[PDB]
Protein chains: 12
Amino acid sequence: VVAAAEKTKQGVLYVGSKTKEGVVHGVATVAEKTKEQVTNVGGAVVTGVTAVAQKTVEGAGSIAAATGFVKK
Amino acid sequence: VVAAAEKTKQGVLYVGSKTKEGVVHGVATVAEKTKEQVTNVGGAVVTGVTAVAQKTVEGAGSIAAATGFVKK
Amino acid sequence: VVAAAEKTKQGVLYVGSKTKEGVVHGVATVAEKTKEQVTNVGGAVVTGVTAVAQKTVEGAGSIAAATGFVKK
Amino acid sequence: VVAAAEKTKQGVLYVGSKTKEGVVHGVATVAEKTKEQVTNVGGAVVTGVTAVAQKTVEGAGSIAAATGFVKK
Amino acid sequence: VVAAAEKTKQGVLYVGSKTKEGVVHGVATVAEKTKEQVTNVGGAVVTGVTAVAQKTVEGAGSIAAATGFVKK
Amino acid sequence: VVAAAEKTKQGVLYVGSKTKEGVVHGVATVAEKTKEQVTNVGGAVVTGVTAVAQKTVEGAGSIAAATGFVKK
Amino acid sequence: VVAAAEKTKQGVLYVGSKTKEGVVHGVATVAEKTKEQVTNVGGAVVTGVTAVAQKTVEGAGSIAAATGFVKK
Amino acid sequence: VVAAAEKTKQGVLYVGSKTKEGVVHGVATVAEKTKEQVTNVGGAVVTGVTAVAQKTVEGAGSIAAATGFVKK
Amino acid sequence: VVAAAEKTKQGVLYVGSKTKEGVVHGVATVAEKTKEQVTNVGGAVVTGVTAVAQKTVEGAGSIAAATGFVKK
Amino acid sequence: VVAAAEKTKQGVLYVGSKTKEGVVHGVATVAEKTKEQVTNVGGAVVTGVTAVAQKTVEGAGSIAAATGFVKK
Amino acid sequence: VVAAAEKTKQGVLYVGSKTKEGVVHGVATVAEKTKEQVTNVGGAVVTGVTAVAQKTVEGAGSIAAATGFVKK
Amino acid sequence: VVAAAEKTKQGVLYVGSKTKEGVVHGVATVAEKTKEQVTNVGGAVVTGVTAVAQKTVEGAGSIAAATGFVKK
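Residues numbered from 1 in each chain as written, not as in the entry; some residues may be left out. Chains lettered and ligands numbered in written order. Heavy atoms only, no water.

Draft legend 1. Up close: the overall build of chain A. A count of helices and strands for chain A gives zero helices and nine strands. Taken from the N to the C terminus, the helices and strands of chain A come in the order β-β-β-β-β-β-β-β-β. Taking 72 residues into account, the globule formula puts the C-alpha radius of gyration at 11 Å, and chain A, at 19 Å, lies well above it. C-alpha atoms of chain A, sized along the principal axes, occupy 60 × 45 × 5 Å. Evaluated residue by residue, chain A yields a buried proportion of 65% over its 72 residues. (Helix = DSSP H or I, 4+ residues; strand = E, 2+ residues; numbered from the N terminus. Rg over C-alpha atoms; globule rule 2.2 N^0.38 Å. Buried < 20%, exposed > 50% of the residue type's maximum accessible area, 1.4 Å probe, protein only.)

Structural data, given as C-alpha cells:
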C-alpha cells in the first residue's frame with residue numbers, strides 16, 4: 001500500500017447550487033432486530049449537499065489508505 | 001497496491017444546479033430481522049447533491065487504497 | 001502503508017450555496033433491539049452542508065491512514 | 001504507517017452559504033435495547049454546516065493516523 | 001506511526017455563512033437500555049457550524065496520531 | 001508515534017458568520033439505564049459555532065498524540 | 001333585497017386535510033398601465049384548496065343577493 | 001336590505017389540518033401606472049386553504065346582500 | 001339596512017391545526033404610480049389558512065348588508 | 001342601520017394550534033408615488049391563520065351593515 | 001345607527017396555542033411620496049394568528065354599523 | 001348613535017398560550033414625504049397573536065357604530 005507522488009519543476013471557476021430540500025445520507029447501516037453490527041470505516045467518506053472539491057492535489061500528494069477485517 | 005505519480009517540468013468553468021427535492025442515499029445496507037451485519041468501507045465514498053470535482057490531480061497524486069475481508 | 005510526497009522547485013474561485021432544509025447524515029449505524037455494536041472509524045469522515053475543499057495539498061502532503069479489526 | 005512530506009525550494013477565493021435549517025449529524029451510533037457498544041474513533045471526523053478547507057497543506061504536512069481493534 | 005514534514009527554502013480570501021437554525025451533532029453514541037458503553041476517541045473531532053480551516057500547515061507539520069482497543 | 005517537523009530557511013482574510021440558533025454537540029455519549037460507561041478522550045476535540053483555524057502551523061509543529069484501551 | 005326564515009317547533013363529521021405548499025389567491029385585480037378596470041364581486045366566492053360544506057341548511061334558511069352594475 | 005328570522009319553540013365535529021408553507025392572499029388590487037381601478041367586494045369571500053363550514057344554519061337564518069355599482 | 005331576530009321559548013367540537021410557515025394577507029392595495037385606486041370592501045372576508053365555522057347559526061340569526069358604490 | 005334581537009324565555013370546545021413562523025397582514029395600503037388611493041373597509045375581515053368560529057349565534061342575534069361609497 | 005336587544009326571563013372551552021416567531025400587522029398604511037391616501041376602516045377587523053370566537057352570541061345580541069365615505 | 005339593552009329576570013374556560021418572539025403592530029401609518037394621509041379607524045380592531053373571545057354576549061348586549069368620512 002505504497003503511494004508516491006513527486007514533482008520536480010525546473011481563470012473563472014464557479015460552482016453554484018440552490019436547493020430547497022437537501023436530505024442526504026452517506027454510508028448508512030439501518031437495521032431492526034439483529035444481534036451483531038460492525039461498521040469498519042477507514043477510507044474517505046465525504047458527505048454533503050454541495051460536496052465541492054476544487055483544484056485539489058495541484059502539486060504532489062498521497063492518500064494511501066489500508067483497512068482490514070479478520071474474523072475467527 | 002503501488003501507485004506512483006511523477007511530473008518533471010523543464011478559461012471559464014461553470015457548474016450550476018437548481019434542485020427542489022434532493023433525497024440522496026449513498027452506500028446503504030437497509031435490512032430487517034437479521035442476525036449479523038458487517039460494513040467494511042475503505043475506498044472513497046463521495047455522496048452529495050452537487051458532488052463536483054473540478055481540476056483535481058492537476059499535478060501528481062496517488063490514492064492507493066486496499067481493503068480485505070477474512071472469515072474463518 | 002507508506003505515503004511519500006516530494007516537490008523540488010528550482011484566478012476567480014467561487015462556491016455558492018443557498019439551501020432551505022439541510023438534513024445531512026454521515027456514517028450512521030441506526031439499529032433497534034440488538035446485542036453488540038462496534039463502530040471503528042479511522043479514515044476521514046467529512047460531513048457538512050457545504051463541504052468545500054479548495055486548493056488543498058498544493059505543495060506536498062500525505063494522509064497515510066491504516067485501520068484494522070481482529071475478532072477471536 | 002509512515003507519511004513523509006518534503007519540499008525543497010531553490011486570486012479571489014470565495015465560499016458562500018445561506019441556509020435556513022441546518023441539522024447535521026456526523027458519525028452516529030443510534031440504537032435501542034442493546035448490551036454492548038464500542039465506538040473507537042481515531043481518524044479525522046470533521047462535521048459542520050460550512051465545513052470549508054481552503055489552501056490546506058500548502059507546504060509540507062503529514063496526517064499519519066493508525067487505529068486498531070483486538071477482541072479475544 | 002511516523003510522520004515527518006520538512007521544508008528547506010533557499011489574495012482575497014472569504015468564507016461567509018448566514019444560518020437560521022444550526023443544530024449540529026458530531027461523534028454521537030445515543031442508546032437506551034444497554035449494559036456497557038465505551039467511547040475511545042484519539043483522532044481529531046472538529047465540530048461546528050462554520051468549521052473553517054484556512055491556510056493550515058503552510059510550512060511543515062505533523063499530526064501523527066495512534067489509537068488502540070484491546071479486549072480480553 | 002513520532003512526529004517531526006523541520007524548516008530551514010536560508011492578503012485579505014475573512015470568515016463571517018451570522019447564526020440565529022446555534023445548538024452544537026460534540027463528542028456525546030447519551031444513554032439511559034446502563035451499567036458501565038467509559039469515555040477515554042486523548043485526541044483533539046474542537047467544538048464551537050465558529051470553529052475557525054486560520055494560518056495554523058505556519059512554521060513547524062507536531063501534535064503527536066497516542067491513546068489506548070486495555071480490558072482484562 | 002329581502003330574506004326571511006321562520007321556524008316553529010311545537011353523527012361524526014370529519015374533514016382531514018394534509019396539504020403541503022398550498023398557494024391560495026382570491027379576487028386579484030393584477031394590472032399595469034390600467035386606464036379603467038372594475039371588479040364588482042357581490043356573491044359567495046369560496047376559494048379553498050379543500051372546500052367542504054357539510055349540513056349547511058338544516059333548518060329554515062334563506063339567502064338573497066341583488067348585485068347590479070348600472071353604468072351610463 | 002331587510003333580513004328577518006323568527007324562531008319559536010313551545011355529535012363529534014372534527015377538522016384536522018396539517019398544512020405546510022401555506023400562502024394565502026385575499027382581495028388584492030396589485031397594480032402599477034394605475035389610472036383608474038375599482039374593486040367593490042360586498043359579499044362573502046372565504047379564501048382559506050382548508051375552508052370548512054359544518055352545520056352553518058341549524059335554526060332560523062337569513063342573509064340578505066344588496067351590492068350596487070352605480071356609475072354615470 | 002334592517003335586520004331582526006326574535007327567539008321565544010316556552011358534542012365534541014375539535015379543530016386541530018399544525019401549520020408551518022404560514023403567510024396570510026388580507027385586503028392589500030399594493031400599488032405604485034397610483035393615479036386613482038379605490039377598494040370598497042363591505043362584506044365578510046374570511047382569509048384564514050384553516051377557516052372553520054362550526055354551528056354558526058343555531059338559533060335565530062339575521063345578517064343584512066347594503067354596500068353601494070355611487071359615482072358620478 | 002337598525003338591528004334588533006329580542007329573546008324571551010318562559011360540550012367540549014377544542015381549538016389546538018401549533019403554528020410556526022406565522023406572518024399575518026391585515027388591511028395594508030402599501031403604495032408609492034400615490035396620487036389618489038382610498039380603502040373603505042366597513043365589514044368583518046377575519047384574517048387569521050387558524051380562524052375558528054364555533055357556536056357563534058346560539059340565541060337571538062342580528063348584524064346589520066351599511067357601507068356606502070358616495071363620490072361626485 | 002340604532003341597535004337594541006331585550007332579554008326577558010320568567011362545558012370545557014379550550015384554546016391551546018403554541019406559536020413561534022409570529023409577526024402580526026394590522027391596518028398599515030405604508031407609503032412614500034404620498035400625495036393623497038385615505039383609509040376609513042369602520043368595521044370589525046380580527047387579525048390574529050389563532051383567531052377563535054366561541055359562543056359569541058348566546059343571548060340577545062345586536063350589532064349595527066354604518067360606515068359612509070362621502071366625497072365631493 | 002343609539003344602543004340599548006334591557007334585561008329583566010323574574011364551566012372551565014382555558015386559553016393556554018406559549019408563544020415566542022411575537023411581534024405585534026396595530027394601526028401604523030408609516031410614511032415618508034407625506035403630502036396628505038388620513039387614517040380614520042372607528043371600529044373594533046383585534047390585533048392579537050392568539051385572539052380569543054369566549055362567551056362574549058351571554059345576556060342582552062348591543063353595539064352600535066357610526067363612522068363617517070365627510071369630505072368636500
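Draft legend 2. Main features of the environment of H:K33. Turning to its location among the elements, H:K33 is positioned in the loop between β4 (31–32) and β5 (37–39). Residue classification places H:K33 among the partly exposed positions, given a relative accessible area of 36%. Expressed as a C-alpha distance, the spacing of H:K33 and H:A51, which sit 18 residues apart in the sequence, is 35 Å. If sequence neighbours within four positions are ignored, H:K33 has contacts with G:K33, G:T34, I:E32 and I:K33. (Contact = heavy atoms within 4.5 Å.)

Draft legend 3. Representation of the pairing of strand β7 (residues 50–54) of chain J. Taking burial as the measure, the five residues of β7(J) include four buried ones, the bulk of the element. The pairing of strand β7 (residues 50–54) of chain I with β7(J) spans five bridges and is classified as parallel. Of the residues in β7(J), the one forming a bridge with I:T50 is J:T50. (Pairing = 2+ DSSP bridges.)

Draft legend 4. Region of the structure containing the packing of aromatic side chains. Applying the stated rule across the entire model yields 20 aromatic pairs over all chains. Judged by centre distance (4.8 Å) and plane angle (0 degrees), the rings of A:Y14 and C:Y14 are stacked. Of this pair, A:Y14 sits in strand β2 (residues 13–17) while C:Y14 is found in strand β2 (residues 13–17), placing the two residues in two different chains. When its relative accessible area of 28% is taken as the criterion, A:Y14 is described as partly exposed. Counting every residue linked through ring pairs, the aromatic cluster contains A:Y14, B:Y14, C:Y14, D:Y14, E:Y14 and F:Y14. (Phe/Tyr/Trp six-rings, centres within 6.5 Å; stacked < 30°, edge-to-face > 60°.)

Keep in mind these numbers describe shape, not what the thing actually does.
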